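One structure is given below, encoded as structure tokens.
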Amino acid sequence: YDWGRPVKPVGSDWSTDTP
Amino acid sequence: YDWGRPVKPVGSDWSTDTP
Amino acid sequence: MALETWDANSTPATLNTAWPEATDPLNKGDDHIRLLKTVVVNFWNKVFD
Amino acid sequence: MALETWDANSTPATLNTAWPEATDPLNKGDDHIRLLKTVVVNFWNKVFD
Amino acid sequence: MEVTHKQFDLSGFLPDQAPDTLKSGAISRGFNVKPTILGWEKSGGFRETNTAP
Amino acid sequence: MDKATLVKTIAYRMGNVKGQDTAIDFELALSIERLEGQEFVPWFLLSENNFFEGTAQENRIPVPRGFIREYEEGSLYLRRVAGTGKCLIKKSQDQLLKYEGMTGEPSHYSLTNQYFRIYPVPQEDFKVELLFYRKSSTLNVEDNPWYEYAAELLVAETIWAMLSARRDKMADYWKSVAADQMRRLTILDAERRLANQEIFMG
Amino acid sequence: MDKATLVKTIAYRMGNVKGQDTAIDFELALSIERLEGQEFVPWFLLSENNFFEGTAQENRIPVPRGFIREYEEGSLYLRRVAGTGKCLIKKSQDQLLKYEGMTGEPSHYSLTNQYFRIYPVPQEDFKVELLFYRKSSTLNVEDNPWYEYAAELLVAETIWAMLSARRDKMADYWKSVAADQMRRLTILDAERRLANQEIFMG
Amino acid sequence: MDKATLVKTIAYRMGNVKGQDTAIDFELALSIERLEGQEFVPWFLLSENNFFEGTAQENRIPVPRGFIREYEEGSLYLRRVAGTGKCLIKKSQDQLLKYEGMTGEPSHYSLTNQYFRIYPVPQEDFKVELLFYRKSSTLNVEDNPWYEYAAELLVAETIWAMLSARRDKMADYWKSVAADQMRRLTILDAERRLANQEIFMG
Amino acid sequence: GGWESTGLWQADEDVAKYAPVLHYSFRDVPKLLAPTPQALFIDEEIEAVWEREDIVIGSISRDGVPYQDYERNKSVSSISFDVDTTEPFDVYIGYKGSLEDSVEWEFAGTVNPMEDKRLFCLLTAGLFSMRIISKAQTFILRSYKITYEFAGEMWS
Amino acid sequence: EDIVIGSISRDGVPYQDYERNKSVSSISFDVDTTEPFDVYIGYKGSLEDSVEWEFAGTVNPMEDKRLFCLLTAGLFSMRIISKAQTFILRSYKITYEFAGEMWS
């Protein structure tokens, strides 16, 4: 019956260490 | 990138013990 | 007899000399000319390049 | 028209494949055949003796 | 498993025998085809002549 | 991979079959349905935090919709209004009959078929959270997880079903291939779980 | 080797096949896709240092794009503004519920499917770094690493696929060849890694 | 032996084949490429002393061009300007994070994929030396070492590839021959390494 | 006419000037007609039908010749054609439970030999029959084979 | 055209196989002439297709009587062209292997 779900983590991107 | 190599040993010949 | 099975890169290998037979249809005439054109162009491109 | 402009000095470069076409008139069949003959002769001449 | 039935055995139209048993290269119905040593090929068409009464 | 590439590969590796395209989709859905029914549950079927609100005087909490099993490294947590919580403890039902009538916040639970039971029967509305495994059709994600991570297992399973109908022998070869793929997937899951973890006795 | 030499060799060793050239490319891409899905991860799929910035009050950090696994001799490191850092410690989620509400810098973590969780919930923006394995298509390198280092494995695998569709029995032979190549590749990885390393008890 | 004698012998022992001469060269180059990819590295692939100069503030030193593995009875040595030096010590990366910011000459290192890391980050230009194994195409010698010392292994490998394409059965015979040749080569390397060496405990 | 018009390279009379040619009076046609290798009638097309009933599917004799089996059901997977024509054709598959029944037809599909020469269909029945319909200038059929499996026993 | 390459009957006679691709390794000639000749090899995917020709090479019987070429196709044909005083051909054999199935 009453099960609800959590909204997703908004920040989403990792970056990089350049060569 | 920067790898360099060493120059070869100049003296090059062994001799012999005669019969 | 109708036509050598062919495509843009057929070359002189796919030519049957006997294929345009005497009783064969006129409607196949256009195709035979074109097979010959493609073949000539590719041969020239191969050996002049 | 669907017949390439041509002159007695035409190279193999002039022909466009697809030119003799299903809709094209049969009266141009000889002309198309003759183009092929001029094109072939010039290369055997340029490349061979 | 596989079963291979080969034409050009010159049996032809056999509509009187039992279909279940007629051999490969034999058919029970059909038209406008005739049996040769090449297989089961298709017959040609018709042109017109100048004669007209 | 995606559905189109999956269908193309299944058709190609089955003998360059071209006539059938709908049966491939049917047995591709049935393959996922069959795989979800087996004992092994991959990591990508784990759900997110889900909360349930319940009325006072009902100890029975229905099971979540696609429940396959719960997640071991997880728990059912009671979230109190202030934001604090406690982790409820699982015991068998026989073991939890002493509690009938003792009064307070919920502290233990039992799973009996379709229902979770909170035996320290709450006298006021509550709220619990749980992490558990789910059937894919019921996850909230964008694309079936299976397509991305388990594509080669699926191909084999589908090919097996199709061939098995034709009664071909080749089917047992593709079942062995699928078994090997699942065996490798289990080891991959174990390796992913245990990475960067240090264990101390006591 | 490169893509052109790979295609030429695959065509040559499959029986001097000449008609097919596009299917070879298709099953060469699919071969890499299949190999990336298995349990064994070579050394050339290790990424570089990647940093993530996150807002206050969210403990969930999404997984990096091509994540396959976490580098064992690696760690998740918090980089404080001054340039100093601490290494965060992995535990299971059940084990990290005591911390809800205790306050401070992040100190521990859990991986639950698609999310890294920092349970000592930060009250200010943070920054973490990680080394992990990635799918190649997502690497920031010039050419597919696989082409350079594991070329033979690739050829055999491709041949199996193509042959299996034509139903030759030669396939099993090429699968055995690929298995031997992967077995040899596993040993090198260890040797490369364990070279010039001395181990002391305690 | 040399390339011409190798091609002649390969043609002779394959059945006195005469038409093919270019495929033999192609599969002779591919044979060396395949052998270099396996776990066993012979002694003739060891390079000479190579030195690297690096700028201050970069701890990452790229891997040498044909690096297969390093040489165990060797080390990375820091040569100071005066001509003196110290041997740097290898540890895993996790183990070398204490050092971030401690200051001085470099003392330890880690190999993470394509890079060597000097964790006691130098504040001035440095210079290091290393002995390692290399792919042949990148050695400085006159002729491929393989031709001189491993000629009979190569013949067999080439014959195997060629026959395998024809789908001949004889191929498995030549693979067994090549395996025996490599087995003998390993023992020869071990015997060469250990000659005139005395071992004392402690 | 354009290249799309009818004819043969040899004007017809010239062909076989050595022998006669059948002339046909056709009732609704104004002029008399003659046979031609070309298959277009006046201009309109001619259809052909090739049908065999109760193909021999069963065991094979040690001599290498197949013989019919009337006691077990069979399951058909594919049909492979060896033809010389290049133009496309239709193939129908018929199935009957047993001898007393009548044939029931299913449309298998269209076969274009240059693209492919195989056809895939899954059916189980007591007996099988096949029909080929073509409207094309050339159609030569050399052989064909069937892949099948045994599927129990025949009841009615 | 379309040489018989396939299985062999228990009586020792070969028969054609139209359902699998084949791969050709070598052709060996038994001739009585001594002067050299040219050999062409043709290959077609299946019956509906046309033959396409490849130049195999030149055969000088005194030096050798074998010819090596690697090809895979549905069906094979061979052509021999000679300009010499004498040319007698007694037999020939082909070495081949099966290479899957024929599609188009």
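Order determines the names: the first chain of the structure tokens is A, the second B, and so forth; residues in each chain are numbered 1 upward, and ligands are numbered 1 upward as they are shown.
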Pairing the C-alpha atoms in order across the whole chain, superpose chain B onto chain A by least squares and write the result as a CSV table (one decimal) with C-alpha atoms, in the first residue's frame.
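Result saved to superposed_30.csv:
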```csv
chain,number,residue,atom,x,y,z
B,1,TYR,CA,0.0,0.0,0.0
B,2,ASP,CA,1.8,3.0,1.3
B,3,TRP,CA,5.4,2.9,0.2
B,4,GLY,CA,7.0,6.0,-1.2
B,5,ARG,CA,10.5,6.7,-2.6
B,6,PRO,CA,13.2,9.3,-2.1
B,7,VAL,CA,14.1,12.0,-4.7
B,8,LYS,CA,17.5,11.6,-6.3
B,9,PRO,CA,20.7,13.4,-5.5
B,10,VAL,CA,20.7,16.5,-7.6
B,11,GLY,CA,24.4,17.2,-8.0
B,12,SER,CA,25.6,14.7,-10.6
B,13,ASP,CA,29.1,15.1,-12.1
B,14,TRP,CA,32.6,14.2,-11.2
B,15,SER,CA,35.4,16.0,-12.9
B,16,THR,CA,38.9,15.1,-13.8
B,17,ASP,CA,42.6,15.3,-13.0
B,18,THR,CA,44.3,16.4,-16.3
B,19,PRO,CA,47.3,14.7,-17.9
```
Using only C-alpha atoms, find which residues of chain F lie within 9 Å of chain I and jot them down as a VMD selection string.
-> chain F and resid 17 to 20 165 to 168
By how many Å are atom CA of residue G:195 and atom CA of residue H:72 apart?
-> 5.8 Å
Residues of chain E no more than 7 Å from chain I, counting only C-alpha atoms: send them over as a VMD selection string.
-> chain E and resid 1 to 8 19 to 20 27 to 33 38 to 42 44 to 49 51 to 52
All residues 10 Å or closer to residue F:79, only C-alpha atoms, same chain fewer than 4 positions away omitted, as a PyMOL selection string | chain F and resi 51+83-87+126-129
Those residues you just picked out, can you put them in a file as a PDB file, in the first residue's frame with C-alpha atoms?
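Once everything was written out, this is part02.pdb:
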```pdb
ATOM      1  CA  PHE F  51       9.142   4.823   3.889  1.00  0.00           C
ATOM      2  CA  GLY F  83      14.298  12.690  12.982  1.00  0.00           C
ATOM      3  CA  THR F  84      15.954  10.193  15.321  1.00  0.00           C
ATOM      4  CA  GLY F  85      15.584   6.453  14.913  1.00  0.00           C
ATOM      5  CA  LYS F  86      16.180   2.911  16.091  1.00  0.00           C
ATOM      6  CA  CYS F  87      16.745  -0.259  14.123  1.00  0.00           C
ATOM      7  CA  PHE F 126       4.463   5.512  13.043  1.00  0.00           C
ATOM      8  CA  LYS F 127       6.880   5.511  10.108  1.00  0.00           C
ATOM      9  CA  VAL F 128       9.507   2.978   9.023  1.00  0.00           C
ATOM     10  CA  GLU F 129      12.144   2.779   6.289  1.00  0.00           C
TER      11      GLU F 129
END
```
Given only C-alpha atoms, how would the per-residue table for chain C near chain D read, listing every residue at most 8 Å away with its closest atom pair and distance in Å to one decimal, sorted by chain and number, as a Markdown table?
```
| residue | atom | partner | partner_atom | distance |
| --- | --- | --- | --- | --- |
| C:30 | CA | D:20 | CA | 5.6 |
| C:31 | CA | D:20 | CA | 7.9 |
| C:33 | CA | D:20 | CA | 7.2 |
| C:34 | CA | D:17 | CA | 6.1 |
| C:37 | CA | D:17 | CA | 6.1 |
| C:38 | CA | D:17 | CA | 6.3 |
| C:40 | CA | D:12 | CA | 7.3 |
| C:41 | CA | D:12 | CA | 6.5 |
| C:44 | CA | D:12 | CA | 7.1 |
```
Considering only C-alpha atoms, return as a ChimeraX atom specification whatever protein or nucleic-acid residues lie within 10 Å of residue G:125, sequence-local ones (same chain, fewer than 3 positions apart) excluded.
-> /G:53-58,122
Nearby residues (only C-alpha atoms) at most 10 Å from residue G:137, same-chain spacing under 4 positions excluded, as a ChimeraX atom specification | /G:32-33,66,141,143-145
Selection file, C-alpha atoms, as a PDB file, in the first residue's frame:
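Dumped to again_28.pdb:
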```pdb
ATOM      1  CA  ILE G  32      35.103  -5.224 -26.115  1.00  0.00           C
ATOM      2  CA  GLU G  33      31.653  -4.588 -24.651  1.00  0.00           C
ATOM      3  CA  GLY G  66      31.872   4.221 -15.945  1.00  0.00           C
ATOM      4  CA  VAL G 141      43.080   8.401 -23.504  1.00  0.00           C
ATOM      5  CA  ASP G 143      43.286   5.042 -28.420  1.00  0.00           C
ATOM      6  CA  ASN G 144      41.442   2.171 -26.940  1.00  0.00           C
ATOM      7  CA  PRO G 145      43.753   0.619 -24.519  1.00  0.00           C
TER       8      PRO G 145
END
```
Using only C-alpha atoms, find which residues of chain J lie within 12 Å of chain H and jot them down as an MDAnalysis selection string.
-> chainID J and resid 22:27 56:59 63:72 95:100
Just the selected residues (N, CA and C atoms), exported as a JSON list (two decimals), in the first residue's frame, please.
```json
[["chain", "number", "residue", "atom", "x", "y", "z"],
["J", 22, "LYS", "N", 33.07, -23.40, -48.69],
["J", 22, "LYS", "CA", 34.23, -24.25, -48.75],
["J", 22, "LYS", "C", 35.45, -23.37, -48.84],
["J", 23, "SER", "N", 36.62, -23.84, -48.42],
["J", 23, "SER", "CA", 37.87, -23.10, -48.44],
["J", 23, "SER", "C", 38.93, -23.93, -49.14],
["J", 24, "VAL", "N", 39.56, -23.36, -50.16],
["J", 24, "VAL", "CA", 40.46, -24.09, -51.04],
["J", 24, "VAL", "C", 41.89, -23.71, -50.71],
["J", 25, "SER", "N", 42.76, -24.71, -50.58],
["J", 25, "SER", "CA", 44.15, -24.51, -50.20],
["J", 25, "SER", "C", 45.11, -24.68, -51.37],
["J", 26, "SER", "N", 44.97, -25.75, -52.15],
["J", 26, "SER", "CA", 45.93, -26.05, -53.20],
["J", 26, "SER", "C", 45.27, -26.82, -54.33],
["J", 27, "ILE", "N", 45.90, -26.76, -55.50],
["J", 27, "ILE", "CA", 45.51, -27.51, -56.68],
["J", 27, "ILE", "C", 46.74, -28.22, -57.22],
["J", 56, "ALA", "N", 45.50, -17.33, -60.57],
["J", 56, "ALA", "CA", 46.19, -18.15, -59.58],
["J", 56, "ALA", "C", 47.70, -18.10, -59.76],
["J", 57, "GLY", "N", 48.17, -18.19, -60.99],
["J", 57, "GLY", "CA", 49.59, -18.16, -61.26],
["J", 57, "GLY", "C", 49.93, -19.00, -62.47],
["J", 58, "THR", "N", 51.23, -19.25, -62.64],
["J", 58, "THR", "CA", 51.76, -20.00, -63.76],
["J", 58, "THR", "C", 52.39, -21.29, -63.26],
["J", 59, "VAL", "N", 52.11, -22.40, -63.94],
["J", 59, "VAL", "CA", 52.54, -23.72, -63.51],
["J", 59, "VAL", "C", 53.55, -24.25, -64.51],
["J", 63, "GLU", "N", 59.49, -27.97, -62.81],
["J", 63, "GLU", "CA", 59.92, -27.40, -61.54],
["J", 63, "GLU", "C", 59.01, -27.85, -60.39],
["J", 64, "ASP", "N", 57.70, -27.73, -60.57],
["J", 64, "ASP", "CA", 56.74, -28.15, -59.56],
["J", 64, "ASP", "C", 55.39, -28.35, -60.22],
["J", 65, "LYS", "N", 54.52, -29.09, -59.53],
["J", 65, "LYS", "CA", 53.19, -29.40, -60.06],
["J", 65, "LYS", "C", 52.08, -28.97, -59.11],
["J", 66, "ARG", "N", 52.38, -28.12, -58.14],
["J", 66, "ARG", "CA", 51.40, -27.66, -57.17],
["J", 66, "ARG", "C", 51.25, -26.15, -57.25],
["J", 67, "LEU", "N", 50.11, -25.67, -56.78],
["J", 67, "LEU", "CA", 49.78, -24.26, -56.78],
["J", 67, "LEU", "C", 49.02, -23.95, -55.50],
["J", 68, "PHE", "N", 49.37, -22.84, -54.85],
["J", 68, "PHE", "CA", 48.84, -22.52, -53.53],
["J", 68, "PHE", "C", 48.06, -21.21, -53.59],
["J", 69, "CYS", "N", 46.83, -21.24, -53.09],
["J", 69, "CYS", "CA", 45.97, -20.07, -52.99],
["J", 69, "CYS", "C", 44.94, -20.33, -51.90],
["J", 70, "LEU", "N", 44.56, -19.28, -51.19],
["J", 70, "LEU", "CA", 43.61, -19.38, -50.09],
["J", 70, "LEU", "C", 42.36, -18.58, -50.44],
["J", 71, "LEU", "N", 41.23, -19.28, -50.59],
["J", 71, "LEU", "CA", 39.98, -18.64, -50.94],
["J", 71, "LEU", "C", 38.83, -19.36, -50.25],
["J", 72, "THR", "N", 37.78, -18.61, -49.92],
["J", 72, "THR", "CA", 36.55, -19.18, -49.40],
["J", 72, "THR", "C", 35.39, -18.66, -50.23],
["J", 95, "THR", "N", 42.45, -29.72, -52.54],
["J", 95, "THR", "CA", 42.41, -29.85, -51.09],
["J", 95, "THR", "C", 41.57, -28.72, -50.52],
["J", 96, "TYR", "N", 40.60, -29.06, -49.68],
["J", 96, "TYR", "CA", 39.61, -28.09, -49.23],
["J", 96, "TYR", "C", 39.16, -28.43, -47.82],
["J", 97, "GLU", "N", 38.43, -27.49, -47.22],
["J", 97, "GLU", "CA", 37.80, -27.68, -45.92],
["J", 97, "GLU", "C", 36.45, -26.98, -45.91],
["J", 98, "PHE", "N", 35.56, -27.45, -45.06],
["J", 98, "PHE", "CA", 34.23, -26.86, -44.93],
["J", 98, "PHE", "C", 34.27, -25.66, -43.99],
["J", 99, "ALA", "N", 33.55, -24.61, -44.35],
["J", 99, "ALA", "CA", 33.69, -23.32, -43.69],
["J", 99, "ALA", "C", 32.34, -22.70, -43.35],
["J", 100, "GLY", "N", 31.44, -23.49, -42.78],
["J", 100, "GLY", "CA", 30.22, -22.93, -42.24],
["J", 100, "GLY", "C", 28.97, -23.25, -43.01]]
```
